[PDB]
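See below for the structure under consideration.
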Amino acid sequence: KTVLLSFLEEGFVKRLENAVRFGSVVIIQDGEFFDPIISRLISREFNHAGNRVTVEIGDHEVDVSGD
Amino acid sequence: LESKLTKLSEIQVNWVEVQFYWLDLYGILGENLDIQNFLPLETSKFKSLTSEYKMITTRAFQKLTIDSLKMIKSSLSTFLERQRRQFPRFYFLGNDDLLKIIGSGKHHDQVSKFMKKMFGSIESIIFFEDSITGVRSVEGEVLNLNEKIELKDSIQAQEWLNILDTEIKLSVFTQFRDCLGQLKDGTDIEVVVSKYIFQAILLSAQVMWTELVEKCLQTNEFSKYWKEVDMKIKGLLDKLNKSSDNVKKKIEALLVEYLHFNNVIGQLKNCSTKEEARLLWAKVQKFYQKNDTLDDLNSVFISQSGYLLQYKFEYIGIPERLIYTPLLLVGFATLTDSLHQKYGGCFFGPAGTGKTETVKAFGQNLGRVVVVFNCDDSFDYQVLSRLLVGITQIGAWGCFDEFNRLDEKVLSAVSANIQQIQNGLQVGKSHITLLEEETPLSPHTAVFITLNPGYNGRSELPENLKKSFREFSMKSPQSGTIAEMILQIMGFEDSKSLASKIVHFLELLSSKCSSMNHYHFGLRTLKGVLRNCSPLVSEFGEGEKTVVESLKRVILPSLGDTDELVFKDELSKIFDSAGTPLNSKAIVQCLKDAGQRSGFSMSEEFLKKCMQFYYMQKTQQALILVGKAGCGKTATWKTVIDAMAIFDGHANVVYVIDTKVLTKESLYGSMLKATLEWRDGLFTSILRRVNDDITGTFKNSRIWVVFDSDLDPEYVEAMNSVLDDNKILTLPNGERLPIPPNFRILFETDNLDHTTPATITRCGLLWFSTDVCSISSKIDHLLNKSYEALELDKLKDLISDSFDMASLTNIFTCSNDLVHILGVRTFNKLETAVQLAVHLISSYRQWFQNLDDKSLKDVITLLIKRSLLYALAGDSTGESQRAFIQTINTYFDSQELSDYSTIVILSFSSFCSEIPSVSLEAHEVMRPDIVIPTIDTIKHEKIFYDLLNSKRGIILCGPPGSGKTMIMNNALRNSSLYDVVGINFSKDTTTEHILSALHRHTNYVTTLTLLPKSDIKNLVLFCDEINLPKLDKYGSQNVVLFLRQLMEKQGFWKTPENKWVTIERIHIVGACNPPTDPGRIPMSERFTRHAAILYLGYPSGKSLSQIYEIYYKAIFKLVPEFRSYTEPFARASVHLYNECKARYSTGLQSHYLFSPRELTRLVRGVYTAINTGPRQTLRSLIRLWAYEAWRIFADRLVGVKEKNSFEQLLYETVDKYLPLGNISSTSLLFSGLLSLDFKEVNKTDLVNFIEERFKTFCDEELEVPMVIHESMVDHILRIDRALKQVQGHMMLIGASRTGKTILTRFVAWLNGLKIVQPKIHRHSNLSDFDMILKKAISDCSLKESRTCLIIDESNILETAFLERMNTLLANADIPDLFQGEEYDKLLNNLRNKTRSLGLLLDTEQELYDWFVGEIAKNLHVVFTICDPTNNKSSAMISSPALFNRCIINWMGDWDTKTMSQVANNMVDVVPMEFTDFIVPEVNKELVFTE
Amino acid sequence: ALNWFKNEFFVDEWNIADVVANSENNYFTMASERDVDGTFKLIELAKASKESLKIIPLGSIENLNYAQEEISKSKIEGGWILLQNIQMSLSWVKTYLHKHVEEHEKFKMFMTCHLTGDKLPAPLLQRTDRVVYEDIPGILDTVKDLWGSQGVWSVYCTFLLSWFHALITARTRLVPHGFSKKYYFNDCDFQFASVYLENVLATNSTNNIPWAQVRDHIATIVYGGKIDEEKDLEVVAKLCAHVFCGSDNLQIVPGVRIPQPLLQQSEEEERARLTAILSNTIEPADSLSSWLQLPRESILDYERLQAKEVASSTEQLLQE
Ligand SMILES: Nc1ncnc2c1ncn2[C@@H]1O[C@H](COP(=O)(O)OP(=O)(O)OP(=O)(O)O)[C@@H](O)[C@H]1O
Ligand SMILES: Nc1ncnc2c1ncn2[C@@H]1O[C@H](COP(=O)(O)OP(=O)(O)O)[C@@H](O)[C@H]1O
Ligand SMILES: Nc1ncnc2c1ncn2[C@@H]1O[C@H](COP(=O)(O)OP(=O)(O)O)[C@@H](O)[C@H]1O
Ligand SMILES: Nc1ncnc2c1ncn2[C@@H]1O[C@H](COP(=O)(O)OP(=O)(O)O)[C@@H](O)[C@H]1O
Ligand SMILES: [Mg+2]
């Protein structure tokens, strides 16, 4: 169920969004080149409306699967 | 109809360019057959262009076409590449010259113009009845081809160019063979020198010499051959006098060669044994010839040190033959050694030692023209590899002069290509690959580099590149031998002793002088003094007078004060006598006439400098003028060009180019990487226009180019090939622009600290030791110029009689003892005084017809005294100003000028009667244009408006918060003659920002001219913080030099299109801080020379009390029951500000900078709290003022010690002035959330209300579990107070996770704002930040949405982001964002919104002002800084606009009380008491909680 | 005394060939100081192992794209590849090279960096084997290396030229007294001098060797090109006059004597005899002074300073 991403590979945002939608465990290599798009994932800020939780990443919002 | 004539001229120029482009297009595709089928789409485009051209021609006989032609020029690029592949030497021509050379289908006359760029030693082609019969060198020598080349109309260029190139080699070989046969027949060389070309006679003479030396070396005698060579040399020397110019040059070069022959024979004769003779013979070059070579062109080979080289038989014309020094022969030997293995020859050492000339001499000895390239920082990998692939196919020898100038990355990148060319030459490869293209490789090619190690700003060669080159030191040349042989060739009676004396004198002058930077006496100045002694032989004769006169005229202008005396003593003690000096009557008469025309004064120093400049420009092409700032350089060269134009009758054109105001790509030119084409710069465009001669107006008119700025090596050194003997300009794309003899370059600067000795010895130098003009002559010339710029005769006579020189010199001497900010010499200050006095006299002349002579004299004397005071002592302190007005009153029966004297409408009065009553209401304190006048304020207003009406630059300087923009805006608000544009400078400001801030205020009208949009009002260009634009690594400012150019020359050069604009109605006013302020840099005196400087000090304590008690009376007009308490509040606030400024200084923290801005903000906050509040008692008013003082003054404090000190200071001030509970920060809670009015609130109710609001915000926007505490309550109250204001911005500085952005978001949600957080991340550019800011601005203004902008410290990727934010906070909009099409779209949307709202606004100014007001009202920005120690955060805090607008709220670290409160409130909800606990025995200080 | 530890307790050492032939890693990094390069060592090593190097210097975007394409191709089918001055492409190294090394059997890639240059990334540097290229400090070791790298007179002149090159490279590392500046004579000068010697011996079949010509050309053109000061040129001329004097007896070293070849021998036995007379030479402890003909004060001071530095550093090292 794991998936490996990296800040130095193009298509990072789309793969991370797909993983967030699916709910897989994400590991990102090369942490010294941190990308501030995932700042909302780092801060763990959530918006609650009913049984769904949404997180804005980049330009458009995505939903956290909970796992 | 001058505008109509200018429009007609521009249309004619565009039509001529389009006609030439269409002629080239018709030549390449429109006329020739079997050429349109290569590219069918381009053929159809050419047919469409033909139809358009035919339609345009028919319409004209009975722009868009040029744009279409430029569009289809891209499709012709690969066609031009194939054409250059066809003939390898087309790589030295540009695209336009290639179009011209292909389009010459039948004329065949366009070839000779570009042939000099192509070959390098041929200036024209002799044509005779559609055939080629002769070729003409650069020096005018004619070579006749062996066979006449037939020409046809059908054949295109490159075929007959190739057959001509082969025919040149065949003709030179035929002439060499015939000459060698004639010499072998036994005839003398004096009859052969007049028949064949110089290359043939040189090569035959060398072959005969080496053959006869070999024959004599078989035996062991040399006397007879030495005698015969001596008779030949003497015969040539006797024949030189009775020959024409071309024969004179040929005989001179043959004399060089035969002197080398005699030197070698003399060296061999004095040799002792046979082995040493064989050694000395093997060390020198030998020119053998194969007797078994069937191939004609390879029958001559050159042997040295055992190696062999092949002669190329290329035409070389008449080169200036180098004297064969032993160092030159060793250099030839090492070049032969490097070329034997097909390596690259290399030379290193100090400048001016003969490296490039050594390479050129080696090439000429090998019979080929060495192509010289001047390496530059713009040479990237593509450009350098294109030059390499262009010199592979030709086979010529490329000499990369100044190879250190390249970037180190490019040096590492080109190493692979250099190794590839070396391996291809070694293994005999036919095709090598560069730029992913396979190209033919001529086996004759080679590469040479001549670097100059040891100078700053130069890269160091990597080892993988240095291992492919063979380097040789060239530290010390032989000056004695060079001078001796050159003087022997010129025909001087004494040669050896004279040369020894010259070398000894140069050495003594080098050793016995002051050791400053610009005293270099190497080989270049020796060549210069010989070249200047060359044309003096007609007037002084061959001997010693000629050489001493040449020594004077070459070296003396570059010498200082005592060095001149040392030079004179040495010249008198080493040479016998000084000859009769030049009469120079006509030239000095022309100088005097030109000076009388221009109004200058002929002193001894000025006339001496003019004569020196004229004599040293008579033969030196490039001149550098150096000296003090405002010494008289520009006047000197302007008047000497005027006098020389009068004397010679030649018209003179001058191009004054400011070097540092333009980038290098704008100056020389840039290549567009998207299309690989060349775009002309400014200097290159000027040179190309001079060379082309479209109208032929530069045929007999000289051209002067003046680089009037500092000598940056990265700028000037790129013209190294231009300045030296090469006299060519090497563009990156391969174009070689020759320099005409009449084209001269001038340099004008003040400091030579950063310049290099490489570019010092190339140009003649003229040092200005002292000022060329006396003081009284300067007043005289300034008065005459001001009068010419305008009864009048009587007024001029009395004004000239008023300036008594005896008192004036003592006044100027006493002016030196004062202290001056922005230190400028008194010699440079007279412009302000004279212009101001003349403007006052011309302004009051209308009332000068109705008063007596004595009153007129008294009034004019008082005006002159006022002008002299505000000029000489206008930039000093108040006490120094009083001392200077007392001194000038002492040194002048005349009317006395007091400290506040003035003239009203014509009676002398004071400023005490000019102070008006002010009806300041309560609501008028928020308006920024409201100013309370005093004596100092009205005096500064009067003097500033007086200076600005005289058409002069003003530099208002003083401590921050003095009022510079206050006095300026208040003076210009009541006048309808000028408009003010607000420009704020940062550490990174360019000229483009200034031009963008004026594009929406001015119009480009061609008559270019940058007129203001209005027609009755001028425009004032307010530049703020001129100190802030930082220096480069070479100590220069782009913006400051741009301002200097805009002040003095009244214009600038347009970067993209390269046309000089002229400014008409723009005045420049500058505001700056004293240089002693940290973060500021000094500015050059060449900018402060042209502008008047005023000191604006702080107002006195009683003065500030008066203005702020007027403010407090205006505030308390709302509440009349406390009308008697206005004065105590003013005294308390003034004392509080004084104590805060005295105690907390910059030595504690960076941002502890106080100002009267704090007092004004305190007054405005008091007004807001009074207006939006209930009825106030005395205690409530005291607490309100204390809270306002806490939120204005103590927010920037960092230490708890500082907080306690401010609290006790507040207590002391309240007790002293205002005879009330705790007034600590935690005890003062003023808020408007709990009620409908700004009233004081308790703690628990506010905490409960904010708890409910935070719960609603968490359930509404986003969930975050944060606990309320008292310090956060204080912080959120002050953030809400700041964001409630109109035009209120914040800078929250504190540690991470203290809670800043969440607090700001919660405040914005409480006030109904809209949060806009920029999504700046990695790999993001300035463009995304532009779109984010533009979208935020549009949503704030057009949509009327209250937008809060949060800019975290990590969102500033580059300093340009900080500059953009500084521009946003200084002005109300971004000049860079809305330009051109975006500007028009913004105006259209603004018009639509205004019509939708219902306001009758139609003018551009009213709409822009409404937009500015809306964006100022509805936009608030809150910053967030985590670590205030980093460089980016330090620059953010220290920025001028960010610091002067934002309310700095230091969040700080969590104190122990906050930690205790949050810990208790977050662990009270867990069961912790299930076990027994005994209370410990701990100290009160040890425990932190209850 | 310093070399006593190395020559007593340690019985082996590895050069570049040994470490490249005994490493499981496919990536190697060689660092060298300014004004010294080791590219020719890789060229000769690839020639010995019968493999082709693809020299790709870095610094420009076109070379970066070419390096990417060639790296992919060499990982596809094989072949060696070399990168010159990788510090000029720091961003490319930090992103693409680091990702490539992080993520064939006859594929090796060598990278050459500068010791005084910018800092290479640690994760990349730790994942590749490291070699440091320096000239061999011993005089006799340098002679042996230059001889093992290689009519009878050509061989004899090659022997004398190798001795001269070793002597001058030993003398050039003594700063205040050996020379005036830091001159470094690489292998290109030796190759050019050997080519000149071959050309002289080819054009002169009379067997009257022009030793004056060889002396002047070597001391002025080949090895004297980099010489800037006059006294350095004088000392190079003195060394060339001592080595290339052209005599039957030639005592270049106080314990080594080279007899001139006779007119009845061939190249194989001449090479064997010269190798035999080279092998019997025993380098003394004062070979840095007596062999170079220098006063003992300067050599003693230099050796004392070096010993003090190394002993202080190892004393600071041993205590923790
Ligand atoms: N012979 C003279 N007679 C009268 N006035 C003179 C004379 N020479 C110079 N001046 C005055 O000196 C002023 C400054 O000289 P100039 O314009 O040549 O300065 P500059 O060399 O360009 O200055 P900087 O290098 O500081 O920019 C001139 O405006 C002119 O009024
Ligand atoms: N025999 C000579 N040897 C060297 N230089 C000479 C000789 N005769 C004249 N010169 C002068 O010396 C100058 C050499 O310039 P050079 O040192 O090649 O410039 P750079 O250092 O930019 O290559 C030339 O201006 C030339 O006029
Ligand atoms: N009548 C007055 N007398 C004295 N000072 C005043 C008066 N009116 C306003 N000021 C103060 O002058 C300040 C203007 O300073 P400013 O010119 O903006 O500083 P800077 O020159 O650094 O930009 C205002 O903050 C205001 O407090
Ligand atoms: N009183 C508090 N109680 C609990 N958490 C707090 C409190 N104050 C701050 N925080 C923490 O701080 C974080 C918000 O800090 P933030 O303003 O985003 O920092 P920055 O300003 O550096 O971006 C929240 O995640 C929260 O957990
Ligand atoms: Mg040069």
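We name chains A, B, ... following the order of the structure tokens; residues begin at 1 in each chain, and ligands are numbered from 1 as shown.
These are the residues of chain A assigned strand (DSSP E or B) by DSSP from backbone coordinates: residues 2, 3, 4, 5, 6, 25, 26, 27, 28, 29, 46, 47, 48, 49, 52, 53, 54, 55, 56, 57, 60, 61, 62 and 63 of chain A.
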With N, CA, C and O atoms retained, could you export that selection as an mmCIF file, in the first residue's frame?
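Saved the output as part.cif:
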data_model
loop_
_atom_site.group_PDB
_atom_site.id
_atom_site.type_symbol
_atom_site.label_atom_id
_atom_site.label_comp_id
_atom_site.auth_asym_id
_atom_site.auth_seq_id
_atom_site.Cartn_x
_atom_site.Cartn_y
_atom_site.Cartn_z
ATOM 1 N N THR A 2 2.146 1.164 0.227
ATOM 2 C CA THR A 2 2.996 2.340 0.265
ATOM 3 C C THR A 2 3.214 2.902 -1.137
ATOM 4 O O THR A 2 3.018 2.225 -2.150
ATOM 5 N N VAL A 3 3.618 4.167 -1.183
ATOM 6 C CA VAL A 3 3.972 4.833 -2.432
ATOM 7 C C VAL A 3 5.127 5.782 -2.142
ATOM 8 O O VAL A 3 5.199 6.383 -1.067
ATOM 9 N N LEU A 4 6.056 5.883 -3.086
ATOM 10 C CA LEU A 4 7.253 6.699 -2.929
ATOM 11 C C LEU A 4 7.189 7.875 -3.891
ATOM 12 O O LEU A 4 7.091 7.683 -5.107
ATOM 13 N N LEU A 5 7.250 9.084 -3.347
ATOM 14 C CA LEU A 5 7.346 10.301 -4.134
ATOM 15 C C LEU A 5 8.640 11.020 -3.780
ATOM 16 O O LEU A 5 9.378 10.614 -2.880
ATOM 17 N N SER A 6 8.916 12.100 -4.506
ATOM 18 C CA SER A 6 10.091 12.910 -4.233
ATOM 19 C C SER A 6 9.832 14.328 -4.710
ATOM 20 O O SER A 6 9.126 14.545 -5.699
ATOM 21 N N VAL A 25 -0.236 5.260 2.149
ATOM 22 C CA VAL A 25 0.844 5.827 2.949
ATOM 23 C C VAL A 25 1.903 6.397 2.016
ATOM 24 O O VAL A 25 2.417 5.694 1.138
ATOM 25 N N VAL A 26 2.239 7.669 2.206
ATOM 26 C CA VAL A 26 3.114 8.406 1.302
ATOM 27 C C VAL A 26 4.432 8.685 2.006
ATOM 28 O O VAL A 26 4.445 9.168 3.145
ATOM 29 N N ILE A 27 5.537 8.383 1.331
ATOM 30 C CA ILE A 27 6.874 8.721 1.799
ATOM 31 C C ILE A 27 7.541 9.560 0.719
ATOM 32 O O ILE A 27 7.525 9.186 -0.459
ATOM 33 N N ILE A 28 8.122 10.688 1.115
ATOM 34 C CA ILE A 28 8.746 11.621 0.183
ATOM 35 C C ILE A 28 10.237 11.675 0.485
ATOM 36 O O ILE A 28 10.635 11.973 1.618
ATOM 37 N N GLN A 29 11.058 11.386 -0.522
ATOM 38 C CA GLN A 29 12.499 11.485 -0.359
ATOM 39 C C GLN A 29 12.963 12.931 -0.531
ATOM 40 O O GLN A 29 12.224 13.799 -1.004
ATOM 41 N N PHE A 46 -7.730 21.093 9.000
ATOM 42 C CA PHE A 46 -8.856 20.390 8.408
ATOM 43 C C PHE A 46 -10.072 21.302 8.364
ATOM 44 O O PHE A 46 -10.269 22.143 9.245
ATOM 45 N N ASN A 47 -10.887 21.125 7.330
ATOM 46 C CA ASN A 47 -12.190 21.771 7.227
ATOM 47 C C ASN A 47 -13.257 20.687 7.279
ATOM 48 O O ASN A 47 -13.258 19.772 6.449
ATOM 49 N N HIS A 48 -14.163 20.791 8.246
ATOM 50 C CA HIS A 48 -15.169 19.770 8.489
ATOM 51 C C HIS A 48 -16.535 20.266 8.037
ATOM 52 O O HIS A 48 -16.961 21.360 8.418
ATOM 53 N N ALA A 49 -17.211 19.454 7.223
ATOM 54 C CA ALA A 49 -18.578 19.741 6.794
ATOM 55 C C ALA A 49 -19.272 18.394 6.611
ATOM 56 O O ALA A 49 -19.161 17.776 5.549
ATOM 57 N N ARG A 52 -17.322 14.471 5.752
ATOM 58 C CA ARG A 52 -16.192 14.612 4.848
ATOM 59 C C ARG A 52 -15.244 15.699 5.340
ATOM 60 O O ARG A 52 -15.660 16.678 5.966
ATOM 61 N N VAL A 53 -13.958 15.497 5.069
ATOM 62 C CA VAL A 53 -12.900 16.423 5.458
ATOM 63 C C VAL A 53 -12.129 16.810 4.204
ATOM 64 O O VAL A 53 -11.679 15.936 3.455
ATOM 65 N N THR A 54 -11.974 18.112 3.980
ATOM 66 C CA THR A 54 -11.311 18.619 2.789
ATOM 67 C C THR A 54 -10.050 19.389 3.164
ATOM 68 O O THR A 54 -9.974 20.021 4.222
ATOM 69 N N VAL A 55 -9.051 19.302 2.289
ATOM 70 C CA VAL A 55 -7.772 19.984 2.463
ATOM 71 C C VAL A 55 -7.390 20.617 1.133
ATOM 72 O O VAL A 55 -7.380 19.940 0.100
ATOM 73 N N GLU A 56 -7.082 21.911 1.153
ATOM 74 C CA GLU A 56 -6.655 22.602 -0.056
ATOM 75 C C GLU A 56 -5.164 22.375 -0.274
ATOM 76 O O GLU A 56 -4.345 22.680 0.600
ATOM 77 N N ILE A 57 -4.815 21.821 -1.431
ATOM 78 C CA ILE A 57 -3.427 21.601 -1.820
ATOM 79 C C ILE A 57 -3.212 22.273 -3.166
ATOM 80 O O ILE A 57 -3.843 21.894 -4.160
ATOM 81 N N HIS A 60 -6.650 23.576 -5.987
ATOM 82 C CA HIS A 60 -7.953 22.957 -5.813
ATOM 83 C C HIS A 60 -7.957 22.063 -4.580
ATOM 84 O O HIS A 60 -6.933 21.487 -4.205
ATOM 85 N N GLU A 61 -9.126 21.959 -3.955
ATOM 86 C CA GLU A 61 -9.277 21.187 -2.733
ATOM 87 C C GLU A 61 -9.362 19.695 -3.032
ATOM 88 O O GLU A 61 -9.853 19.276 -4.084
ATOM 89 N N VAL A 62 -8.871 18.894 -2.088
ATOM 90 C CA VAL A 62 -8.973 17.442 -2.137
ATOM 91 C C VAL A 62 -9.488 16.957 -0.788
ATOM 92 O O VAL A 62 -9.481 17.684 0.205
ATOM 93 N N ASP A 63 -9.939 15.707 -0.763
ATOM 94 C CA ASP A 63 -10.508 15.101 0.432
ATOM 95 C C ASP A 63 -9.544 14.076 1.014
ATOM 96 O O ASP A 63 -8.977 13.257 0.285
#
Selection as a JSON list (two decimals) with C-alpha atoms, in the first residue's frame: residues within 8 Å of ligand 4 by only C-alpha atoms and all ligand atoms:
[["chain", "number", "residue", "atom", "x", "y", "z"],
["A", 43, "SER", "CA", 0.15, 21.90, 9.40],
["A", 44, "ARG", "CA", -2.67, 19.29, 9.59],
["A", 45, "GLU", "CA", -5.44, 21.85, 9.20],
["B", 1264, "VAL", "CA", -7.51, 24.22, 14.93],
["B", 1265, "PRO", "CA", -7.39, 23.46, 18.68],
["B", 1266, "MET", "CA", -5.98, 26.70, 20.10],
["B", 1267, "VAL", "CA", -6.32, 27.92, 23.69],
["B", 1268, "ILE", "CA", -7.06, 31.55, 24.55],
["B", 1269, "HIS", "CA", -4.67, 33.37, 26.88],
["B", 1272, "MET", "CA", -3.02, 36.54, 22.90],
["B", 1294, "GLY", "CA", 7.79, 36.48, 16.51],
["B", 1295, "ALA", "CA", 8.71, 32.84, 16.83],
["B", 1296, "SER", "CA", 6.99, 30.11, 14.83],
["B", 1297, "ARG", "CA", 3.80, 28.52, 16.21],
["B", 1298, "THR", "CA", 3.24, 31.48, 18.53],
["B", 1299, "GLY", "CA", 0.15, 32.05, 16.38],
["B", 1300, "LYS", "CA", 0.34, 34.85, 13.82],
["B", 1301, "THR", "CA", -1.32, 33.80, 10.56],
["B", 1302, "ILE", "CA", -4.20, 32.06, 12.36],
["B", 1303, "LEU", "CA", -4.68, 35.15, 14.53],
["B", 1352, "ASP", "CA", 4.81, 35.08, 5.15],
["B", 1424, "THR", "CA", 4.62, 37.47, 9.17],
["B", 1425, "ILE", "CA", 8.32, 37.13, 10.01],
["B", 1426, "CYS", "CA", 9.66, 34.14, 11.95],
["B", 1462, "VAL", "CA", -1.96, 27.64, 28.33],
["B", 1466, "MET", "CA", -5.01, 22.48, 28.43]]
Mind pulling up the distance from CA of residue 669 (chain B) to CA of residue 348 (chain B)?
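Separation of CA of residue 348 (chain B) and CA of residue 669 (chain B): 28.9 Å.
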Could you please write out, as an MDAnalysis selection string, every residue of region 321-483 of chain B that DSSP assigns to alpha helix (DSSP H)?
chainID B and resid 326:340 356:365 381:394 408:426 463:466 479:483
Which residues form the shell of 7 Å around ligand 1 when you count only C-alpha atoms and all ligand atoms, given as a PyMOL selection string?
chain B and resi 599-603+606+628-636+748-750+772-773+777-778+781-782+1085-1086+1089
For the selection you just gave me, I'd like the residues written to a file as a compact mmCIF listing (two decimals), in the first residue's frame, keeping N, CA and C atoms.
# COMPACT_ATOMS: atom_id res chain seq x y z
N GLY B 599 31.11 81.44 -24.31
CA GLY B 599 31.08 82.21 -23.09
C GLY B 599 32.08 81.82 -22.03
N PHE B 600 33.01 80.92 -22.33
CA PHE B 600 34.01 80.51 -21.35
C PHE B 600 35.09 81.58 -21.21
N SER B 601 36.08 81.30 -20.36
CA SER B 601 37.18 82.21 -20.10
C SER B 601 38.50 81.48 -20.30
N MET B 602 39.40 82.09 -21.07
CA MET B 602 40.72 81.51 -21.33
C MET B 602 41.68 81.89 -20.22
N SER B 603 41.84 80.99 -19.26
CA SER B 603 42.91 81.10 -18.27
C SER B 603 44.16 80.43 -18.83
N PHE B 606 43.31 76.39 -18.43
CA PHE B 606 42.32 75.90 -19.39
C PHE B 606 42.89 75.86 -20.81
N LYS B 628 39.12 65.72 -11.06
CA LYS B 628 38.11 65.91 -10.03
C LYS B 628 36.73 66.07 -10.66
N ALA B 629 35.70 65.85 -9.85
CA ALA B 629 34.34 66.05 -10.31
C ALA B 629 34.06 67.54 -10.49
N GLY B 630 33.47 67.89 -11.63
CA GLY B 630 33.24 69.29 -11.94
C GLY B 630 34.50 70.09 -12.16
N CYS B 631 35.51 69.48 -12.79
CA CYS B 631 36.76 70.17 -13.05
C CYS B 631 36.75 70.94 -14.36
N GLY B 632 35.97 70.49 -15.34
CA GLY B 632 35.90 71.18 -16.61
C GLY B 632 36.24 70.31 -17.81
N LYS B 633 36.05 69.00 -17.68
CA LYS B 633 36.36 68.09 -18.78
C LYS B 633 35.42 68.28 -19.96
N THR B 634 34.11 68.32 -19.68
CA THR B 634 33.12 68.43 -20.75
C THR B 634 33.26 69.75 -21.49
N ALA B 635 33.47 70.84 -20.75
CA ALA B 635 33.72 72.13 -21.38
C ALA B 635 34.97 72.08 -22.24
N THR B 636 36.02 71.41 -21.75
CA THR B 636 37.27 71.31 -22.49
C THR B 636 37.07 70.63 -23.83
N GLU B 748 35.17 59.95 -20.20
CA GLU B 748 35.05 61.02 -19.22
C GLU B 748 34.65 60.40 -17.89
N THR B 749 35.51 60.55 -16.88
CA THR B 749 35.27 59.95 -15.58
C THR B 749 36.02 60.77 -14.53
N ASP B 750 36.03 60.28 -13.30
CA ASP B 750 36.73 60.94 -12.21
C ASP B 750 37.72 60.03 -11.50
N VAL B 772 40.26 73.98 -14.15
CA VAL B 772 40.65 74.77 -15.32
C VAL B 772 40.10 76.19 -15.29
N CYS B 773 39.15 76.48 -14.42
CA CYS B 773 38.48 77.77 -14.39
C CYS B 773 38.63 78.42 -13.02
N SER B 777 35.71 83.82 -12.88
CA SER B 777 35.36 83.45 -14.25
C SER B 777 34.16 82.52 -14.27
N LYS B 778 34.01 81.67 -13.25
CA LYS B 778 32.83 80.81 -13.20
C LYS B 778 31.56 81.61 -12.94
N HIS B 781 30.82 83.36 -16.35
CA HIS B 781 30.25 82.49 -17.37
C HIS B 781 28.84 82.06 -17.01
N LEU B 782 28.58 81.78 -15.73
CA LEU B 782 27.24 81.37 -15.33
C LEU B 782 26.24 82.50 -15.53
N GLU B 1085 29.87 62.69 -6.49
CA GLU B 1085 29.68 64.13 -6.60
C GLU B 1085 29.21 64.55 -7.99
N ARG B 1086 29.38 63.69 -8.99
CA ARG B 1086 28.93 64.00 -10.34
C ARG B 1086 27.42 64.06 -10.46
N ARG B 1089 26.39 67.47 -8.05
CA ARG B 1089 26.83 68.72 -8.66
C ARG B 1089 25.67 69.50 -9.26
Protein and nucleic acid residues within 6 Å of ligand 2 (only C-alpha atoms and all ligand atoms) as a PyMOL selection string
chain B and resi 322-324+351-357+482+523-524+527+725
Identify, on the basis of only C-alpha atoms, every residue whose closest approach to residue 31 (chain C) does not exceed 8 Å; exclude the query and any residue fewer than 4 positions from it along the same chain; express the result as a ChimeraX atom specification.
/C:112-115,130-133
